[PDB]
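Heads up, the thing below is written out as structure tokens.
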Amino acid sequence: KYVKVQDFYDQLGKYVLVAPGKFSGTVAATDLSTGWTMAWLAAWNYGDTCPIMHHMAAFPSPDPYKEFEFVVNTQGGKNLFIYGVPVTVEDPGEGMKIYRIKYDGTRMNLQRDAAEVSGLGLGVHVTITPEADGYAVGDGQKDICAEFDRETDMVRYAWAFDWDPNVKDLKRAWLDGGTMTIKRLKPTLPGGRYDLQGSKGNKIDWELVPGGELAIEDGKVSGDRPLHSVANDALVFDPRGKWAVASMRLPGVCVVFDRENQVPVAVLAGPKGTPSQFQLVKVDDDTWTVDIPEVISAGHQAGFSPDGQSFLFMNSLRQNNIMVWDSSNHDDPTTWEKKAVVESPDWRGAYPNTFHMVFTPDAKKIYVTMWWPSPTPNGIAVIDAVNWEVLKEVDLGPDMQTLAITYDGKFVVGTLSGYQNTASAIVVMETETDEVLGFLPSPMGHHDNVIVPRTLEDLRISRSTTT
Amino acid sequence: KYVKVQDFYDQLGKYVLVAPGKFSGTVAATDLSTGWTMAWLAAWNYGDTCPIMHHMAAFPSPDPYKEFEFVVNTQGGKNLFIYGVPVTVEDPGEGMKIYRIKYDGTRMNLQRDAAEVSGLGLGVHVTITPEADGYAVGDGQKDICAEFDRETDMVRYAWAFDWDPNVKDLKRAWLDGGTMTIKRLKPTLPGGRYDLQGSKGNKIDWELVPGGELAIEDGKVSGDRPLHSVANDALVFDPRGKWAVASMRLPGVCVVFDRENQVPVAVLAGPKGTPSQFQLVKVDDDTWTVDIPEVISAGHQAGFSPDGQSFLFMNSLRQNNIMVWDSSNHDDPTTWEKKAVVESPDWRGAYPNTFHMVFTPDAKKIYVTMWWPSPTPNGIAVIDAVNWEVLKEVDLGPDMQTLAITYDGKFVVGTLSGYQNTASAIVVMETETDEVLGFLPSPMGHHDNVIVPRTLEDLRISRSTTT
Amino acid sequence: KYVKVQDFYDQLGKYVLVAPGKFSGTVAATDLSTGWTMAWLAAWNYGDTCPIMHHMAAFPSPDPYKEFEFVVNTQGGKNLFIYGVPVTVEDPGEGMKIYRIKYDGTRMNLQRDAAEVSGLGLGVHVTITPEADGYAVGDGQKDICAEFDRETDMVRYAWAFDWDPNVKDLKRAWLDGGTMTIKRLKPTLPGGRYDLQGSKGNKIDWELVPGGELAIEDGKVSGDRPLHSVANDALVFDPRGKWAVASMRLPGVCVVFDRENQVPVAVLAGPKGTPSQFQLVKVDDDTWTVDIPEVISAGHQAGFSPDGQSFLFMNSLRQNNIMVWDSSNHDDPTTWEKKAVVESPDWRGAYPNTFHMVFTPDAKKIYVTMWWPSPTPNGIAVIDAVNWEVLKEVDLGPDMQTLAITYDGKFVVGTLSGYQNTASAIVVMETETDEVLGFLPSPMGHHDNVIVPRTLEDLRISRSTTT
Amino acid sequence: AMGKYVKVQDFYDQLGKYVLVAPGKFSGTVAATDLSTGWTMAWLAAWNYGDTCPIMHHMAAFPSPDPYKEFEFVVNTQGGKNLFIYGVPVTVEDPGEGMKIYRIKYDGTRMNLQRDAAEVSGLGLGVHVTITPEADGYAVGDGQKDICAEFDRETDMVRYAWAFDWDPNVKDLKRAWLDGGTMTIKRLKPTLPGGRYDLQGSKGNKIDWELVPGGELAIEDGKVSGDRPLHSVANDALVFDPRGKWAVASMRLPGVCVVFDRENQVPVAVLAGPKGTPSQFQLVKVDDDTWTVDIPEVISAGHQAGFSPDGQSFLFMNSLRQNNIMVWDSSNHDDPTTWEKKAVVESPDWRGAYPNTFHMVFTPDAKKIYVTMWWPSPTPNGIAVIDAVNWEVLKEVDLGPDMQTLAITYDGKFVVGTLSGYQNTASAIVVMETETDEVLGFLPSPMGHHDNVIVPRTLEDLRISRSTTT
Ligand SMILES: [Cu+2]
Ligand SMILES: [Cu+2]
Ligand SMILES: [Cu+2]
Ligand SMILES: [Cu+2]
Ligand SMILES: [Cu+2]
Ligand SMILES: [Cu+2]
Ligand SMILES: [Cu+2]
Ligand SMILES: [Cu+2]
Ligand SMILES: [Cu+2]
């Protein structure tokens with residue numbers, strides 16, 4: 001006579017979803033096998049005066065119901081002013097915190113701020129190393145990314161990026177090309193600490209929004225040094241170890257780094273029509289440069305397939321496609337060559353933009369997000385990652401954000417976030433026949449979510465290899 | 001072959017759930033027909049520096065999906081420090097704000113703080129008048145309750161309560177009895193405004209916890225004037241009009257007020273073994289007293305059946321039962337006589353604490369929360385409200401809080417709130433055979449929830465007649 | 001046969017005196033041409049529960065007998081406890097109100113509380129802008145000053161000051177030097193309002209008394225943050241426009257601000273033996289610092305001559321003198337250099353404390369208060385403002401407070417205030433030979449007084465350029 | 001002079017070494033001024049002592065051998081709806097109830113609040129305050145509760161208290177006084193332990209404010225709220241015969257005064273106010289605590305009541321339906337039942353309620369009287385000078401708004417009065433010399449005074465202070 005919602009959860013498995021809430025100031029872990037929120041944390045309870053809880057990633061735990069740890073960062077300053085909400089805090093906290101939090105099988109415990117430990121505050125993507133011995137954060141206001149040790153929260157290595165435009169006019173500063181400098185970033189305070197917490201280091205006063213390359217070009221992004229911006233987004237990891245890849249939105253390139261030797265080794269060229277790579281040039285032991293003759297399109301999402309055989313970078317806005325390299329040679333990234341471009345008429349406009357992805361465990365399919373400004377329906381596209389073609393797209397609702405998959409490959413679980421002021425939900429889609437199974441309440445503005453991994457292998461399709 | 005959670009929502013009807021989040025700092029509306037959150041709001045975005053979003057009530061709307069209005073208040077000061085969250089905020093806000101918020105079919109819009117408009121801040125139960133033309137708020141730190149005008153947010157009347165113990169020793173201050181003064185409260189400021197915002201008027205530094213009557217007695221509740229406390233809880237309304245009833249936890253009584261004439265008219269005596277009523281004595285045109293020879297037990301929950309034939313007050317300290325009056329004579333509340341007591345051998349002093357309830361539309365059943373401190377499972381009792389007997393007790397999880405019902409009477413929708421740091425959820429129970437259908441995620445600390453009513457008749461079983 | 005007092009008033013001219021009354025809780029306007037009080041207002045009539053009516057300034061009116069407007073603020077909290085009056089109020093109001101009052105040719109009319117309109121409550125000196133289009137208030141419990149718009153009572157700009165002492169011990173916190181931060185203070189509530197009414201923001205629980213820097217250093221001033229105090233006193237105006245100057249008692253400096261561009265531009269070093277200026281350092285677009293090696297003396301009175309050519313700051317603790325700068329270069333205050341110091345063998349350490357002044361219209365002479373604790377006769381010093389020397393000292397009575405001048409420059413009109421409990425009067429002195437013409441009754445504890453100006457030029461010797 | 005400027009000191013030098021004291025009504029303050037220098041000597045603000053309705057009302061000062069070294073005085077307060085009847089748009093909707101009787105000492109430096117005598121005795125009273133001619137006590141009356149009492153100076157306990165009640169021939173507010181009735185005079189005894197009354201604050205109030213000038217029209221018209229307005233007589237003051245023995249209670253509504261024997265604690269006579277009535281009405285004894293007086297009809301209310309300084313004349317002003325000064329020969333000190341009307345001071349300028357003549361002061365030799373002429377805004381108020389040998393008006397002088405009380409320096413040279421702005425406009429102290437009645441001018445006074453005194457030095461000084469008249 002009555003439907004029990006427990007029948008829906010029994011099919012999902014014993015998986016734990018975790019998501020931060022952006023303007024909500026909260027972070028929450030949910031039991032997909034019962035529908036309970038397991039625990040939640042509100043950063044204002046800890047004196048955080050701008051708790052835009054932003055990106056996150058969770059370390060593997062063999063039983064997340066018993067305990068797991070995760071990293072979540074924050075944004076501050078004028079990031080508070082760029083969504084639809086008529087906020088009244090004219091002088092908010094500066095954000096760029098890197099919180100370490102541990103779920104202990106009952107509650108969330110705020111452990112520390114790694115930005116205070118290390119001295120380095122970064123406010124965009126968080127990823128976990130494939131060894132689960134560490135994590136990385138990037139930032140597109142300071143243009144710095146770093147890998148941190150898990151035990152000590154100290155930086156292992158940090159890199160700063162800078163743009164030298166051929167034309168010092170914001171309208172032409174990326175389109176007409178320039179030179180990007182890659183600089184080893186070194187500590188300046190006692191104990192190998194950085195002096196780069198909060199707003200210290202910012203070139204621009206907020207992270208560029210979707211299609212925000214147009215806004216910076218039009219002089220509509222405030223900041224000390226926008227002509228010098230490259231808008232670093234993430235540092236993602238080859239699941240085979242050894243390499244990490246830093247993505248640069250404005251110049252449309254990814255930089256491959258040697259994690260052990262602490263040097264860049266390769267520059268992958270995003271836009272369709274460019275060669276596989278641009279030439280990396282060493283200037284001294286701490287300085288490299290790369291010349292980009294013109295920037296045809298900005299790009300954003302970057303990541304590896306879970307077997308490390310493919311590396312993807314999405315061009316967004318001026319071109320909308322998925323660029324794919326053969327990354328099968330683990331010994332030498334300067335050999336990685338463009339093998340395919342995924343294109344579709346689900347992509348003729350400036351929008352949708354595809355900022356997030358997740359692969360199935362066997363690397364044969366990809367789930368990618370399709371974002372538009374209100375009011376166009378946002379949704380998910382399914383990719384055949386064998387033939388590099390779009391299989392399907394599904395409409396869902398407003399402001400599609402991030403995606404995760406259960407580690408058996410059976411269910412994609414994503415977040416929609418209301419542009420911080422309208423409808424928000426968790427979405428579940430089954431991957432056997434790619435149908436939407438429904439939505440669960442989620443009163444948060446998630447710009448990230450994960451399913452807590454159980455093993456190092458699970459990390460390959462979590463917040464480690466892709467964002 | 002897969003289960004679609006949409007099949008679960010299709011059965012619930014086109015109902016909107018709204019709930020505040022306590023320590024989350026947020027309030028959210030959820031579409032029970034789709035599982036989407038419709039909109040949420042985070043009060044820190046509006047400069048609220050202690051956004052403990054506390055109680056709330058929603059005005060009827062002929063279509064809640066197009067728009068609706070609601071009222072939600074806040075607590076502050078040392079309320080922040082009495083839960084299991086190791087808060088680190090140094091100088092928290094004083095709370096006692098009374099926000100007016102409107103959903104416009106897309107987003108929540110903050111209208112204003114009524115405590116600023118009126119001058120009167122109050123931080124405990126919020127209820128809507130049966131005419132939907134106003135609302136009331138009670139407070140047990142200041143011991144004041146008031147009815148406010150919906151359009152102007154100005155006070156219609158306000159009453160202040162004081163205790164004068166027979167024995168001036170906290171251990172004996174209520175046990176050995178005393179006199180309660182009931183005092184008309186009038187404004188002092190230009191434009192008819194009160195001077196009672198934030199902590200102004202506070203006798204004690206936090207709202208008494210469940211069983212917290214023992215703490216104040218033991219000298220463990222700080223404040224200027226704890227010997228004078230009565231811990232007013234709510235001002236609930238007779239669904240037939242005319243009368244409002246103010247609940248006083250510490251002296252174990254309820255005061256019936258004439259809403260039109262602005263006078264108290266009756267004092268209902270909570271504990272088993274006391275008469276139906278105590279004698280109200282007029283001292284002057286603004287001042288009444290009531291002599292209580294001994295307080296046998298504190299009380300808490302207070303409410304009317306939806307036809308107003310019965311009035312309930314829960315004893316919840318030294319006794320644990322539901323006291324029931326015959327309130328069928330609408331003309332004269334001094335005639336209201338005790339008619340039944342609901343008892344169970346399961347119930348035992350302070351716990352379960354039965355501090356929330358909702359009736360079915362036909363007044364035949366009641367759903368009552370059963371609250372315990374961790375780790376005893378909390379749950380819901382089902383009460384036969386014709387014979388006055390417990391039908392069924394169901395266990396659910398930690399920290400059972402409020403209960404609402406769909407207006408067709410088919411589903412009870414409640415919240416569990418993890419004591420602000422562990423598991424939290426929305427629960428759904430069908431009322432035909434009283435079975436739990438399951439849980440939906442809710443990463444919030446709700447001490448209230450409503451389903452948005454459509455008509456004045458719907459208010460009879462919403463946040464107007466009971467809390 | 002008999003003397004008429006009319007012969008005394010006839011000589012004074014058609015001028016209106018206005019004064020607040022401190023502990024009297026009143027404010028009054030007096031017709032110096034007839035001896036009548038024109039109108040008085042008692043703030044307890046308007047629900048003020050701590051009506052310490054403190055500082056005030058009047059806008060120009062072409063005919064003050066037809067109408068004029070003025071601003072008067074209040075103090076509260078523990079300021080009620082620091083004077084000789086054995087007060088018995090236990091819950092005093094917090095003060096920091098900023099009342100707008102209009103005299104309409106018959107009565108005073110309370111228009112509004114500007115601290116409620118703007119959200120910013122401040123309780124020390126009030127001054128009018130030289131354009132008479134706004135006013136400013138400073139506060140030395142919160143260390144905030146701001147300029148407000150006359151029409152809207154909204155803040156144009158507000159500055160918050162903080163002390164970071166070299167030595168974390170109240171005894172040496174100022175003597176051994178430290179760094180002062182100057183921070184742009186921005187609103188946090190809907191409609192651009194601050195959340196800083198009443199005691200919100202107080203670092204210390206009363207305004208420092210004369211010589212009261214010794215008390216804070218001796219740990220005898222209670223409050224949350226006395227190590228961080230700078231005791232801001234006033235925001236006074238260059239009569240030539242553009243610049244406003246905030247005085248800071250504890251670190252002995254004045255900060256010059258650009259009103260239009262809303263930045264600080266210079267720090268003036270008070271004590272004899274220090275350079276003309278300390279170095280202003282920009283930290284970011286909202287924040288500046290200034291390093292002070294040692295604080296040789298506290299300062300207090302600050303103001304411009306009426307032609308803007310001289311700027312004065314009194315040293316008033318460990319030195320007792322008037323420090324004078326050449327402010328003739330209106331374009332660049334960083335060029336303002338010390339040019340004179342007024343000294344006297346009779347002036348050593350704290351007393352006489354010289355905390356009020358008024359110039360003659362031709363700027364050649366200054367009248368300055370000589371204040372002492374009871375029982376030493378207090379009086380007025382006459383200063384030669386061309387040679388920078390004391391001309392004359394005249395003893396009057398107990399507790400000399402403020403000084404005003406008729407705008408023809410003929411009569412200085414001052415108040416004496418009995419330390420709030422003994423003899424009080426208005427004093428009149430003629431400026432040709434600097435003789436006391438006598439006293440008029442004044443049952444009030446005035447810490448301020450003004451003659452209502454008629455023109456912008458009159459403001460130059462009213463409560464605009466000096467306090 | 002040695003310079004061209006006028007010094008204000010020459011003005012004060014003529015006045016002598018006298019101290020003016022006044023309360024401030026809505027200002028919530030009281031102040032003492034040195035007329036010889038122009039300084040305020042000391043002032044006190046009742047809000048500093050936690051008073052939540054400091055309408056500082058009437059006052060009287062005990063004699064001091066040197067008031068510059070010390071003097072003591074009594075000042076009372078009003079509260080409740082008295083806060084709502086002036087021009088000020090007050091916002092305190094539930095103020096304190098007032099009816100405090102404060103004892104204050106000026107100790108040569110500062111005012112010290114000694115205590116509230118209403119709390120001591122238990123009896124709170126809000127209208128006129130007077131000093132006994134022996135300076136061993138004081139009295140207060142009140143027109144909301146209709147009670148008067150004499151209190152001991154040393155203990156602040158009540159020596160005797162009387163309650164007055166009206167029983168109208170018609171229980172219709174329009175006619176309750178016009179058509180007559182019976183006034184009861186009742187001995188009030190303490191009802192609490194320790195000889196205390198239970199009559200502080202609003203306890204005992206029949207009406208919710210003191211009747212304003214011409215306010216008898218308002219109570220008649222049902223515009224004055226309260227529990228028992230039909231029972232009102234509006235007692236105003238208890239004034240003293242300077243010869244001792246007798247005190248006189250004035251009753252506004254029924255237009256009579258009651259003469260009391262102070263030592264034996266009984267009423268002895270009832271003087272009938274209005275022109276055309278007998279000298280007296282018949283006092284009837286009912287029992288040892290209770291007397292009645294029959295008043296066939298009330299031709300007019302009255303108000304100011306007082307003795308000349310030699311005790312030979314008693315005066316009662318009629319003040320609504322008639323406007324005159326009624327004068328009795330009170331030269332027989334042994335028997336007030338023999339006091340008979342001897343004169344009536346009238347003027348073609350005095351018709352109906354205005355000018356209302358509610359305050360007076362005699363010169364020390366009793367030859368002249370200075371009387372207030374009060375009008376509502378905007379008619380100029382002033383002072384009438386009365387020849388008290390021929391019982392005629394000598395002179396009228398216009399001054400300003402809201403003329404209130406009058407005192408005189410004890411050498412008889414200068415009358416010092418207050419004007420009080422109706423609590424919201426212009427206020428001042430006024431000085432008039434008594435040889436030629438020339439107004440010498442005004443001094444600032446930012447207060448709403450409904451009283452003022454010069455501090456007396458001797459018992460003989462009290463004869464022309466707040467003892468014999470109000
Ligand atoms: Cu990204
Ligand atoms: Cu390899
Ligand atoms: Cu984001
Ligand atoms: Cu409750
Ligand atoms: Cu609660
Ligand atoms: Cu100052
Ligand atoms: Cu002051
Ligand atoms: Cu009178
Ligand atoms: Cu009066």
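Atoms considered below: every heavy atom in the structure, side chains included; atoms not considered: hydrogens, waters and symmetry mates. Within every chain, numbering begins at 1; the chains are lettered A, B, ... in the order of the sequence lines, protein sequences first and strands thereafter. Whatever order the structure lists ligands and atoms in, that order sets their numbers, starting from 1.
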For the Cu ion (ligand 3), decide whether A:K22 has an N, O or S atom at a distance under 2.8 Å. yes
A:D48 with A:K97: basic N within carboxylate O range, under 4.0 Å: no
Looking at A:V126, is its backbone amide N or carbonyl O close enough to the side chain of A:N73 to form a donor-acceptor pair, meaning the two atoms are under 3.5 Å apart? no
Once rounded to 10°, what is the value of the angle centred on the Cu ion (ligand 1) between A:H125 NE2 and A:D233 OD2? 90°
Can you tell me if, anywhere in D:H303, an N/O/S atom lies at a distance from the Cu ion (ligand 8) that is smaller than 2.8 Å? yes
Report the angle formed at the Cu ion (ligand 3) by atom ND1 of A:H447 and atom NE2 of A:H54, rounding to the nearest 10°. 140°
For the residue pair A:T402 / A:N449, report whether a side-chain donor-acceptor contact shorter than 3.5 Å exists. yes
With no hydrogens and no angle check, is any side-chain donor or acceptor of A:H356 less than 3.5 Å from a backbone partner on A:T369? no
